[PDB]
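One file, coords_18.pdb, carrying PDB, C-alpha atoms:
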```pdb
ATOM      1  CA  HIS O2003      69.557   0.618  50.303
ATOM      2  CA  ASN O2004      70.421  -3.065  50.832
ATOM      3  CA  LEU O2005      72.455  -3.654  47.673
ATOM      4  CA  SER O2006      75.661  -5.613  47.218
ATOM      5  CA  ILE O2007      79.051  -3.922  46.951
ATOM      6  CA  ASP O2008      78.634  -4.303  43.179
ATOM      7  CA  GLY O2009      75.129  -2.797  43.280
ATOM      8  CA  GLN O2010      73.131  -5.984  42.738
ATOM      9  CA  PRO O2011      69.879  -6.094  44.742
ATOM     10  CA  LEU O2012      69.702  -8.470  47.693
ATOM     11  CA  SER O2013      65.926  -9.083  47.522
ATOM     12  CA  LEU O2014      63.816 -10.922  44.959
ATOM     13  CA  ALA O2015      60.800  -8.996  43.697
ATOM     14  CA  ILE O2016      57.272 -10.180  42.872
ATOM     15  CA  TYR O2017      54.577  -8.926  40.521
ATOM     16  CA  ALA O2018      51.232 -10.674  41.303
ATOM     17  CA  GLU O2019      50.864 -12.189  37.810
ATOM     18  CA  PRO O2020      47.858 -10.929  35.803
ATOM     19  CA  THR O2021      44.670 -12.958  36.148
ATOM     20  CA  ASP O2022      44.284 -15.228  33.054
ATOM     21  CA  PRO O2023      42.578 -14.471  29.713
ATOM     22  CA  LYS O2024      38.898 -13.521  29.511
ATOM     23  CA  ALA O2025      36.239 -15.505  27.655
ATOM     24  CA  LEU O2026      33.459 -13.582  25.907
ATOM     25  CA  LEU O2027      30.109 -15.069  24.900
ATOM     26  CA  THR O2028      27.160 -14.125  22.706
ATOM     27  CA  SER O2029      23.484 -15.020  22.965
ATOM     28  CA  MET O2030      20.332 -15.065  20.874
ATOM     29  CA  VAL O2031      17.928 -12.226  21.655
ATOM     30  CA  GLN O2032      14.245 -12.654  20.808
ATOM     31  CA  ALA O2033      11.580  -9.957  20.778
ATOM     32  CA  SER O2034       7.805 -10.094  20.990
ATOM     33  CA  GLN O2035       6.231 -10.793  17.595
ATOM     34  CA  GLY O2036       2.601 -10.632  16.527
ATOM     35  CA  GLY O2037       0.482 -12.300  13.881
ATOM     36  CA  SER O2038      -1.857 -11.192  11.136
ATOM     37  CA  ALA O2039      -5.504 -10.296  11.675
ATOM     38  CA  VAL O2040      -8.493 -11.414   9.607
ATOM     39  CA  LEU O2041     -11.090  -9.335   7.767
ATOM     40  CA  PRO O2042     -14.692 -10.162   6.831
ATOM     41  CA  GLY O2043     -14.860 -12.208   3.655
ATOM     42  CA  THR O2044     -16.798 -11.593   0.464
ATOM     43  CA  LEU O2045     -19.563 -13.789  -0.954
ATOM     44  CA  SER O2046     -18.472 -15.369  -4.224
ATOM     45  CA  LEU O2047     -20.879 -16.539  -6.907
ATOM     46  CA  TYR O2048     -19.779 -20.195  -7.010
ATOM     47  CA  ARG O2049     -20.733 -23.068  -4.745
ATOM     48  CA  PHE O2050     -18.360 -24.402  -2.104
TER
ATOM     49  CA  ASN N2344      -0.374 -11.192 -11.831
ATOM     50  CA  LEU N2345      -2.577 -14.144 -12.819
ATOM     51  CA  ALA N2346      -3.723 -14.548  -9.211
ATOM     52  CA  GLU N2347      -4.642 -10.856  -9.085
ATOM     53  CA  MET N2348      -6.594 -11.245 -12.334
ATOM     54  CA  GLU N2349      -8.485 -14.251 -10.960
ATOM     55  CA  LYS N2350      -9.256 -12.427  -7.709
ATOM     56  CA  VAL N2351     -10.657  -9.379  -9.494
ATOM     57  CA  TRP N2352     -12.721 -11.661 -11.740
ATOM     58  CA  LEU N2353     -14.203 -13.476  -8.745
ATOM     59  CA  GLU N2354     -14.921 -10.291  -6.794
ATOM     60  CA  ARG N2355     -16.560  -8.511  -9.748
ATOM     61  CA  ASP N2356     -18.383 -11.512 -11.225
ATOM     62  CA  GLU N2357     -22.130 -11.055 -11.604
ATOM     63  CA  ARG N2358     -25.007 -13.200 -12.822
ATOM     64  CA  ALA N2359     -26.532 -11.190 -15.660
ATOM     65  CA  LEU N2360     -30.201 -10.773 -16.486
ATOM     66  CA  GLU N2361     -30.948 -12.835 -19.599
ATOM     67  CA  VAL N2362     -33.428 -11.115 -21.919
ATOM     68  CA  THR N2363     -34.845 -12.050 -25.322
ATOM     69  CA  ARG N2364     -36.064  -9.617 -27.984
ATOM     70  CA  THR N2365     -37.981 -10.542 -31.131
ATOM     71  CA  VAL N2366     -37.605  -7.984 -33.926
ATOM     72  CA  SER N2367     -39.763  -8.398 -37.028
ATOM     73  CA  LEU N2368     -38.006  -6.512 -39.808
ATOM     74  CA  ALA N2369     -41.229  -5.650 -41.650
ATOM     75  CA  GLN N2370     -42.709  -4.002 -38.553
ATOM     76  CA  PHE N2371     -39.396  -2.301 -37.751
ATOM     77  CA  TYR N2372     -39.128  -0.824 -41.252
ATOM     78  CA  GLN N2373     -42.768   0.286 -41.299
ATOM     79  CA  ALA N2374     -42.536   1.913 -37.852
ATOM     80  CA  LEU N2375     -39.480   3.998 -38.772
ATOM     81  CA  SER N2376     -40.112   7.681 -38.142
ATOM     82  CA  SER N2377     -38.383   9.512 -41.009
ATOM     83  CA  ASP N2378     -37.238   7.021 -43.676
ATOM     84  CA  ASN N2379     -39.713   4.131 -43.715
ATOM     85  CA  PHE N2380     -40.984   1.726 -46.369
ATOM     86  CA  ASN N2381     -42.742  -1.619 -46.814
ATOM     87  CA  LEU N2382     -40.544  -4.715 -46.723
ATOM     88  CA  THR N2383     -42.736  -7.018 -48.821
ATOM     89  CA  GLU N2384     -43.548  -4.395 -51.457
ATOM     90  CA  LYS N2385     -39.944  -3.246 -51.812
ATOM     91  CA  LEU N2386     -38.635  -6.824 -51.986
ATOM     92  CA  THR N2387     -41.168  -7.802 -54.654
ATOM     93  CA  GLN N2388     -40.401  -4.642 -56.638
ATOM     94  CA  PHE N2389     -36.633  -5.165 -56.460
ATOM     95  CA  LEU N2390     -37.107  -8.767 -57.570
ATOM     96  CA  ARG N2391     -39.419  -7.952 -60.486
ATOM     97  CA  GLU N2392     -36.973  -5.262 -61.673
TER
END
```

Could I get this file's structure written as structure tokens?
Amino acid sequence: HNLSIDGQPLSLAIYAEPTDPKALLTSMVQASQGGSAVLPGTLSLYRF
Amino acid sequence: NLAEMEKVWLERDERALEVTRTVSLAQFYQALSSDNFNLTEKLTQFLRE
């Protein structure tokens, strides 16, 4: 199994180091919005 | 609340018919159906006694 007489390994291992931290972002979300509608107006008694 | 009051006043405002009535008390008293009398006669009587 390729060890020393004392049992120490004779090969150096590797691990393929994990790939960095991860950055997370947020965004503003807008939805369709409407406006008010108008109704017929009354006739007051006073002048303009 | 004041704005609501003003709005209801404006929406229910109306120009009123302006009428005049002339009421002569002597004629009104004489024309009474049940309990009538004469204004001048009764006044003169109540003044003399």

Quiz item: Rounded to one decimal in Å, what is the spacing between atom CA of residue N:2385 and atom CA of residue N:2372?
Solution: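 Computing the Euclidean distance for atom CA of residue N:2385 and atom CA of residue N:2372 yields 10.9 Å.
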
What are the closest atom pairs, with distances in Å to one decimal, for each residue of chain N lying within 10 Å of chain O, using all atoms listed in the file, rows by chain and rising residue number, as CSV?
```
residue,atom,partner,partner_atom,distance
N:2353,CA,O:2046,CA,6.5
N:2354,CA,O:2046,CA,6.7
N:2355,CA,O:2046,CA,9.0
N:2356,CA,O:2047,CA,7.1
N:2357,CA,O:2047,CA,7.3
N:2358,CA,O:2047,CA,7.9
```

Next, the residues of the selection above should be written as a PDB file, in the frame of the given file with C-alpha atoms.
```pdb
ATOM      1  CA  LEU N2353     -14.203 -13.476  -8.745  1.00  0.00           C
ATOM      2  CA  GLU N2354     -14.921 -10.291  -6.794  1.00  0.00           C
ATOM      3  CA  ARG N2355     -16.560  -8.511  -9.748  1.00  0.00           C
ATOM      4  CA  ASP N2356     -18.383 -11.512 -11.225  1.00  0.00           C
ATOM      5  CA  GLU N2357     -22.130 -11.055 -11.604  1.00  0.00           C
ATOM      6  CA  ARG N2358     -25.007 -13.200 -12.822  1.00  0.00           C
TER       7      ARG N2358
END
```

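Around residue N:2383, within 12 Å and counting all atoms listed in the file, the residues found are residues 2368, 2369, 2370, 2372, 2373, 2380, 2381, 2385, 2386, 2387, 2388, 2389 and 2390 of chain N, once anything fewer than 2 positions away on its own chain is removed.
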
Exercise. Could you check how far atom CA of residue N:2350 sits from atom CA of residue O:2042, in Å to one decimal?
Key: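 Answer for the atom CA of residue N:2350 to atom CA of residue O:2042 separation: 15.7 Å.
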
Please, can stretch 2344-2379 of chain N be completed to N, CA and C atoms and returned as an mmCIF file, keeping the file's coordinate frame?
```cif
data_model
loop_
_atom_site.group_PDB
_atom_site.id
_atom_site.type_symbol
_atom_site.label_atom_id
_atom_site.label_comp_id
_atom_site.auth_asym_id
_atom_site.auth_seq_id
_atom_site.Cartn_x
_atom_site.Cartn_y
_atom_site.Cartn_z
ATOM 1 N N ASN N 2344 0.540 -11.954 -10.984
ATOM 2 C CA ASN N 2344 -0.374 -11.192 -11.831
ATOM 3 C C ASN N 2344 -1.613 -12.007 -12.188
ATOM 4 N N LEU N 2345 -1.434 -13.292 -12.502
ATOM 5 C CA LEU N 2345 -2.577 -14.144 -12.819
ATOM 6 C C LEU N 2345 -3.489 -14.323 -11.612
ATOM 7 N N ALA N 2346 -2.910 -14.454 -10.418
ATOM 8 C CA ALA N 2346 -3.723 -14.548 -9.211
ATOM 9 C C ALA N 2346 -4.522 -13.273 -8.982
ATOM 10 N N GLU N 2347 -3.907 -12.111 -9.215
ATOM 11 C CA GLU N 2347 -4.642 -10.856 -9.085
ATOM 12 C C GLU N 2347 -5.786 -10.782 -10.089
ATOM 13 N N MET N 2348 -5.538 -11.221 -11.325
ATOM 14 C CA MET N 2348 -6.594 -11.245 -12.334
ATOM 15 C C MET N 2348 -7.749 -12.140 -11.900
ATOM 16 N N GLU N 2349 -7.437 -13.338 -11.405
ATOM 17 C CA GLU N 2349 -8.485 -14.251 -10.960
ATOM 18 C C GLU N 2349 -9.264 -13.672 -9.788
ATOM 19 N N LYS N 2350 -8.571 -13.020 -8.851
ATOM 20 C CA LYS N 2350 -9.256 -12.427 -7.709
ATOM 21 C C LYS N 2350 -10.205 -11.322 -8.144
ATOM 22 N N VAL N 2351 -9.764 -10.448 -9.055
ATOM 23 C CA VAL N 2351 -10.657 -9.379 -9.494
ATOM 24 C C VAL N 2351 -11.839 -9.958 -10.258
ATOM 25 N N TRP N 2352 -11.617 -11.020 -11.036
ATOM 26 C CA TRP N 2352 -12.721 -11.661 -11.740
ATOM 27 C C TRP N 2352 -13.743 -12.222 -10.762
ATOM 28 N N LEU N 2353 -13.276 -12.898 -9.713
ATOM 29 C CA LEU N 2353 -14.203 -13.476 -8.745
ATOM 30 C C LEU N 2353 -14.944 -12.398 -7.965
ATOM 31 N N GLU N 2354 -14.262 -11.308 -7.607
ATOM 32 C CA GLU N 2354 -14.921 -10.291 -6.794
ATOM 33 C C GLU N 2354 -15.904 -9.464 -7.612
ATOM 34 N N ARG N 2355 -15.668 -9.305 -8.914
ATOM 35 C CA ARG N 2355 -16.560 -8.511 -9.748
ATOM 36 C C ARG N 2355 -17.427 -9.359 -10.670
ATOM 37 N N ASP N 2356 -17.469 -10.672 -10.465
ATOM 38 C CA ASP N 2356 -18.383 -11.512 -11.225
ATOM 39 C C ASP N 2356 -19.826 -11.221 -10.835
ATOM 40 N N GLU N 2357 -20.717 -11.325 -11.816
ATOM 41 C CA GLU N 2357 -22.130 -11.055 -11.604
ATOM 42 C C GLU N 2357 -22.950 -11.948 -12.521
ATOM 43 N N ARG N 2358 -24.056 -12.468 -11.997
ATOM 44 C CA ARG N 2358 -25.007 -13.200 -12.822
ATOM 45 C C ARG N 2358 -25.904 -12.196 -13.534
ATOM 46 N N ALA N 2359 -25.863 -12.202 -14.860
ATOM 47 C CA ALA N 2359 -26.532 -11.190 -15.660
ATOM 48 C C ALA N 2359 -27.983 -11.568 -15.925
ATOM 49 N N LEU N 2360 -28.828 -10.548 -16.056
ATOM 50 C CA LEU N 2360 -30.201 -10.773 -16.486
ATOM 51 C C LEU N 2360 -30.212 -11.182 -17.950
ATOM 52 N N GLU N 2361 -30.918 -12.263 -18.258
ATOM 53 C CA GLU N 2361 -30.948 -12.835 -19.599
ATOM 54 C C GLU N 2361 -32.276 -12.477 -20.252
ATOM 55 N N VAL N 2362 -32.228 -11.628 -21.275
ATOM 56 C CA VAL N 2362 -33.428 -11.115 -21.919
ATOM 57 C C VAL N 2362 -33.437 -11.553 -23.376
ATOM 58 N N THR N 2363 -34.640 -11.703 -23.924
ATOM 59 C CA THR N 2363 -34.845 -12.050 -25.322
ATOM 60 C C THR N 2363 -35.678 -10.962 -25.981
ATOM 61 N N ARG N 2364 -35.321 -10.598 -27.209
ATOM 62 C CA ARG N 2364 -36.064 -9.617 -27.984
ATOM 63 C C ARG N 2364 -36.336 -10.182 -29.368
ATOM 64 N N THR N 2365 -37.593 -10.131 -29.790
ATOM 65 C CA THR N 2365 -37.981 -10.542 -31.131
ATOM 66 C C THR N 2365 -38.253 -9.303 -31.969
ATOM 67 N N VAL N 2366 -37.509 -9.152 -33.060
ATOM 68 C CA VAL N 2366 -37.605 -7.984 -33.926
ATOM 69 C C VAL N 2366 -38.041 -8.455 -35.303
ATOM 70 N N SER N 2367 -39.260 -8.101 -35.694
ATOM 71 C CA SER N 2367 -39.763 -8.398 -37.028
ATOM 72 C C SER N 2367 -39.364 -7.250 -37.943
ATOM 73 N N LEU N 2368 -38.581 -7.562 -38.977
ATOM 74 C CA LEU N 2368 -38.006 -6.512 -39.808
ATOM 75 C C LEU N 2368 -39.071 -5.725 -40.555
ATOM 76 N N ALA N 2369 -40.157 -6.377 -40.978
ATOM 77 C CA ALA N 2369 -41.229 -5.650 -41.650
ATOM 78 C C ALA N 2369 -41.829 -4.587 -40.738
ATOM 79 N N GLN N 2370 -42.165 -4.965 -39.504
ATOM 80 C CA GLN N 2370 -42.709 -4.002 -38.553
ATOM 81 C C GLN N 2370 -41.695 -2.913 -38.229
ATOM 82 N N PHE N 2371 -40.424 -3.288 -38.063
ATOM 83 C CA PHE N 2371 -39.396 -2.301 -37.751
ATOM 84 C C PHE N 2371 -39.243 -1.282 -38.873
ATOM 85 N N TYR N 2372 -39.236 -1.742 -40.125
ATOM 86 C CA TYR N 2372 -39.128 -0.824 -41.252
ATOM 87 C C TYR N 2372 -40.363 0.054 -41.381
ATOM 88 N N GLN N 2373 -41.554 -0.513 -41.177
ATOM 89 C CA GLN N 2373 -42.768 0.286 -41.299
ATOM 90 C C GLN N 2373 -42.869 1.334 -40.199
ATOM 91 N N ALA N 2374 -42.406 1.018 -38.992
ATOM 92 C CA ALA N 2374 -42.536 1.913 -37.852
ATOM 93 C C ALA N 2374 -41.441 2.969 -37.792
ATOM 94 N N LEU N 2375 -40.522 2.982 -38.754
ATOM 95 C CA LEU N 2375 -39.480 3.998 -38.772
ATOM 96 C C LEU N 2375 -40.094 5.384 -38.915
ATOM 97 N N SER N 2376 -39.513 6.353 -38.206
ATOM 98 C CA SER N 2376 -40.112 7.681 -38.142
ATOM 99 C C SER N 2376 -39.931 8.440 -39.452
ATOM 100 N N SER N 2377 -38.684 8.643 -39.875
ATOM 101 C CA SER N 2377 -38.383 9.512 -41.009
ATOM 102 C C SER N 2377 -38.333 8.752 -42.330
ATOM 103 N N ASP N 2378 -37.465 7.750 -42.431
ATOM 104 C CA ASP N 2378 -37.238 7.021 -43.676
ATOM 105 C C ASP N 2378 -37.770 5.599 -43.510
ATOM 106 N N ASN N 2379 -39.046 5.418 -43.828
ATOM 107 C CA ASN N 2379 -39.713 4.131 -43.715
ATOM 108 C C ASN N 2379 -40.145 3.634 -45.089
#
```
